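A.B. asks: When you get a sec, could you give me coordinates for this:
(10 chains, ligands or ions: 4)
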Amino acid sequence: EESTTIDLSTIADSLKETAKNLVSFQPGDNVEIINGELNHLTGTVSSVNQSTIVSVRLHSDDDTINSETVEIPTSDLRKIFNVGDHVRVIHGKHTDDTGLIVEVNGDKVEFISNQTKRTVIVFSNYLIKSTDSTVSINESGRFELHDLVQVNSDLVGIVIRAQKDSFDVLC
Amino acid sequence: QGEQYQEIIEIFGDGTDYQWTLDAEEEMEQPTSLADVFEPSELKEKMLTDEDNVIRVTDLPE
Amino acid sequence: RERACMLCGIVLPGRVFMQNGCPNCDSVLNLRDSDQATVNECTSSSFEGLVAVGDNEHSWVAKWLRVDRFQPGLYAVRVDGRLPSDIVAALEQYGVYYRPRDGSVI
Amino acid sequence: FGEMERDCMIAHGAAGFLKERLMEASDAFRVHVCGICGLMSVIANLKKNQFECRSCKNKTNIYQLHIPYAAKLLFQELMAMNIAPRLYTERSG
Amino acid sequence: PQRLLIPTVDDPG
Amino acid sequence: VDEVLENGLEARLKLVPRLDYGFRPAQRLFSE
Amino acid sequence: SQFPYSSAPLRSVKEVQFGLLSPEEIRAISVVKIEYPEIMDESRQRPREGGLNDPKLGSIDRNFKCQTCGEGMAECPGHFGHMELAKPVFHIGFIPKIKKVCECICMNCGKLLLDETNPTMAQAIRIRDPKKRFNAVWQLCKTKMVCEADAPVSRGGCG
Amino acid sequence: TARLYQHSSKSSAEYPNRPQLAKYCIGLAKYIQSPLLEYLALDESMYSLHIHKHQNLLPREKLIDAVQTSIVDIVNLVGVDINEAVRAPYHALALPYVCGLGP
Amino acid sequence: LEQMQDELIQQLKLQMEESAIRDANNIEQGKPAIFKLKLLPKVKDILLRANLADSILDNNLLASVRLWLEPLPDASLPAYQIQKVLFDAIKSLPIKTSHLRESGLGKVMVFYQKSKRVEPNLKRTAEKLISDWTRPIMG
Amino acid sequence: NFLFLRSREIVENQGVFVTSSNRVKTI
Ligand SMILES: [Zn+2]
Ligand SMILES: [Zn+2]
Ligand SMILES: [Zn+2]
Ligand SMILES: [Zn+2]
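C.D. replies: Numbers count the residues shown, from 1 in each chain, chains lettered A, B, ... in the order given. Ligands and ions are numbered 1, 2, ... in the order given. Below you will find the coordinate block:
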């Protein structure tokens, strides 16, 4: 059709649907409110009931407000990602990558990875605050841990650490 | 019957008291930039960034 | 093989519509005096909710489905497909307003 | 080794023999327990040498126990019925 | 109409 | 979906061919 | 010395604390959500993910390894999943206890029908044993068949 | 190049119903038919080959630049048939290394 | 007895109106609505009290209930807690045609039924309440 | 002639260090 996705309406709708369905919440998560009378307020998730009602304790300069729990629908909550927090990718090409947040450019979040140890830019909808990686490398590659792998014609080594799409080899 | 129809209209309204609110809700419900459609790390691999157009339009060896 | 007439909501075999027409909608669709074209456009074989009515006059169900002025028989709650614009305009020429039974209009 | 034989070994006072019969000559199993929640929910990768209780979100307060496999099965069946048997390695008072 | 056709007490069960 | 048949049971579609030209071959644009 | 080495210290069990599992705890200790009734993917091995035989729940096969802990069949203890119910249901073992608690409190404002002002209630409070305490409180508040809007001064009762 | 070709996902997609040894034989035959294009098909994997004994003492960018300049020299020595590269994606691997062009 | 309850309910009505005005002004001044949430526990406790239903219907507290349920002009819906508490109170009280005529809650109920940002459970409860209120009119 | 050995105290490479067999004595 001589064009690069000239049509992007249905694609945008698919993006909206995937973004809405992919969000999952946990207790203690810092969230922000988009609509309603409580718009532009920060709070911490206290408890989760079913998948549409989330009790959130709001944070504000007034002490009497900070001791109240409010149940808020999940459709009006956006996750808050602070710089320097361990986060694990939910879904995408960089799935199961963990690291520390470096730059928060609103919708897009940049973080230094733990496995590849390089900066990766992934949308904020694909991040969950997981303080530890605990990544299992089973059912991947062609190499178990501590395998004696032939690197090339005259090079050999032993796999020291294993990753989703890379390996560490000791010659 | 007409009188109870008028009574129903009085009790429940014709909707015009909040039809404009409904129209505003439908307007805000309705809404392209490739930077927001796919990840930058996927845009870069597909050569879809602005820098790739700059490289492709500039009259110099790449 | 059975089809559900879009206008009146009755359900009859497609060959019955072709040979004898719709017994109720014949006054405005002329289905008895028409080709398979009007049978196909005004009756749909895909439907749901088979309804049998015995007494049209006193049945609240018949009033709710707007079929209390029609012949008793097989009726469908929902019919896939709508009447075309030209047939709607022809009905408006006759002074009869068409309310779709597809469920999408309410 | 039925219950009456167990009572006879109790009457003899031979605790070590009873423990060896019921563990080493039978279903001896090793599990890991969180030091906070006391549940058998630790995900241990021994060759990777990484332990983690995801619920309590801790990686350091984790112990290993030697228990019968039937005891592990009993605790898991109790957990399936929403009961929480928590195993702690210290007393409180 | 459609709203007026709601069921009453005297309608058949 | 290039075309929707009026019957509704079938529809003509635009697809990527899978042929070996003389267990299925990988999809690829038809090479004349 | 029949078990592979582990850096976790070896201790014995000194206390067993019983209790109920909270929905938050059930979701937190779970490793996968179960939502697909079909056991097998396509009747061609490799069981469906999100099903009742998900490979993250554990491995019971010689040649396969658990996808959660990475251990073999001999070492993997198994892992739990969860299943969100569309509507809450009674636990069959606690229904009489639920009934007795319902008798003990008020169905509208979640408060006990009697307060410590009654000396018998205070004596029922004093006993340390939870079973006997519940028994005494239940024996008292079962008779009381009306929430008190004011003190028998409002105790918060809805009346 | 055959041992890396047999594991490549491109080969697996090309011949889904064939085993690894068949892909090894296809890689050997392709190497006999055109060594240059077989080296080009490795993409990032051609920097891991045994090029020089002391190639590990160089920085990665230096080795990549040396390999790329060698490929540019050899490809411009050989030449690229533009119509075949437009039609056959296998032969289009040498087009980015043409003098004045790039990826 | 009943007069004291009427006076207390009228005082609650004035407090609710004052809180609604304060929250609307704060929203117009760029501040979240907090006064309604603060007043919500006392209103909930009063509404859950069954014997005060006659006094509530006498003092027409449903007008202020409608005022709280009325969306603000910025097209922002009230907090879900307020809507849930008011819907539960409406279910718990026997609202008649005369009280609806006095309060005019039917307009807001129709708005909630037609709106899409409202939760579907609240939509179904609004449909049920509208059907129950239309029931005595036709028989 | 190289032996790949696993050790507890060398945490630098998870215990894996390479030595020739001529350098070691068996216990
Ligand atoms: Zn008809
Ligand atoms: Zn724990
Ligand atoms: Zn496991
Ligand atoms: Zn009460």
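
A.B. asks: How far does stretch G:30-40 stretch from one end to the other?
C.D. replies: Using CA to CA, to the nearest Å, the end-to-end distance of stretch G:30-40 comes to 21 Å.

A.B. asks: which residues are contacting it?
C.D. replies: D:43, G:47-54, G:56-57, G:68, G:79-84 (CB atoms under 8 Å, 6 or more residues apart in numbering or on different chains). Quick note: C-beta positions are derived from backbone N, CA and C, even for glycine.

A.B. asks: and what of stretch G:4-18?
C.D. replies: D:30, D:32, D:38, D:44, D:46, D:49, D:51, D:62-67, D:83-92, G:75.

A.B. asks: Quick check: which element contains residue J:5?
C.D. replies: Assigned by DSSP states H and E, residue J:5 belongs to strand J:2-6.

A.B. asks: Indicate whether that strand makes contact with chain D.
C.D. replies: No: applying CB under 8 Å from any CB of the partner chain, one finds strand J:2-6 out of contact with chain D, separated by at least 10.2 Å.

A.B. asks: how far does that strand sit from the chain's center?
C.D. replies: 4 Å (CA atoms, centre = their mean, to the nearest Å).

A.B. asks: could you flag which of the contacts of stretch G:4-18 are buried?
C.D. replies: The neighbour-count test (16 or more other CB atoms under 10 Å in any protein chain shown) marks D:30, D:32, D:38, D:44, D:46, D:51, D:62-65, D:67, D:84-89, G:75 as buried among the contacts of stretch G:4-18.

A.B. asks: Wondering if stretch A:128-136 reaches chain G at all.
C.D. replies: Yes: contact of stretch A:128-136 with chain G (CB under 8 Å from any CB) involves residue A:136.

A.B. asks: measure that stretch end to end?
C.D. replies: First residue to last in stretch A:128-136 (CA to CA) measures 17 Å.

A.B. asks: Ok, stretch A:162-171 next?
C.D. replies: By CA to CA, one end of stretch A:162-171 lies 15 Å from the other end.

A.B. asks: Please apply the same query to stretch D:39-57.
C.D. replies: Start-to-end, stretch D:39-57 (CA to CA) is 13 Å.

A.B. asks: Please apply the same query to stretch D:28-41.
C.D. replies: 19 Å.

A.B. asks: who's sitting farthest from the centroid in chain I?
C.D. replies: In chain I, counting by CA atoms, centre = their mean, residue I:139 sits farthest out from the average C-alpha position, at 26.5 Å.

A.B. asks: would you say that one is within a helix?
C.D. replies: No: applying DSSP: H, G, I helix; E, B strand; the rest coil, one finds residue I:139 to be coil, outside a helix.

A.B. asks: residue contacts, it?
C.D. replies: Contacts for residue I:139 were tallied using CB under 8 Å, 6+ apart; they are E:8-10.

A.B. asks: Apply 6 Å and report the result again.
C.D. replies: Contacts for residue I:139 (CB atoms under 6 Å, 6 or more residues apart in numbering or on different chains) come out as E:8-9.

A.B. asks: Which parts of the chain are strands?
C.D. replies: Looking at chain A here, since you left the chain open. Remark: strands assigned in chain A by DSSP state E are A:30-33, A:42-49, A:53-58, A:69-73, A:77-79, A:86-89, A:98-105, A:108-113, A:119-123, A:127-128, A:148-152, A:155-162, A:167-170.

A.B. asks: I was after chain G.
C.D. replies: G:15-17.

A.B. asks: Go through it and flag its longest helix.
C.D. replies: Secondary structure assigned by DSSP state H gives helix G:130-141 as the longest helix of chain G.

A.B. asks: Next SSE downstream of the helix or strand where residue D:77 lies?
C.D. replies: Using DSSP H and E, residue D:77 maps to helix D:69-80. Per DSSP H and E, helix D:69-80 leads on to strand D:86-88 as the next helix or strand towards the C-terminus.

A.B. asks: Distance check, the most centrally placed residue in chain G against ligand 1.
C.D. replies: Centroid-nearest residue in chain G, with CA atoms, centre = their mean: residue G:21, separated by 2.6 Å. The gap separating residue G:21 from ligand 1 is 60 Å, by CB to the ion, to the nearest Å.

A.B. asks: Pull up the gap between that residue and residue D:79, please.
C.D. replies: Going from residue G:21 to residue D:79 by CB to CB, to the nearest Å gives 7 Å.

A.B. asks: Next, the contact list for residue C:75, please.
C.D. replies: Counted by CB under 6 Å, 6+ apart, residue C:75 has contacts C:9-10, C:51, C:67.

A.B. asks: can we see that at 10 Å?
C.D. replies: Residue C:75 sits next to C:4-5, C:8-11, C:47, C:49-53, C:61-62, C:65, C:67, C:101 when contact means CB atoms under 10 Å, 6 or more residues apart in numbering or on different chains.

A.B. asks: Helices - which of the residues you listed land there?
C.D. replies: Per DSSP H, these map to helices at C:61-62.

A.B. asks: Of the contacts of residue C:75, just the buried ones, ChimeraX syntax please.
C.D. replies: Applying 16+ other CB under 10 Å to the contacts of residue C:75 leaves a buried subset, and the ChimeraX line that selects it is:
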select /C:4,5,8,9,10,11,47,51,53,61,62,65,67,101
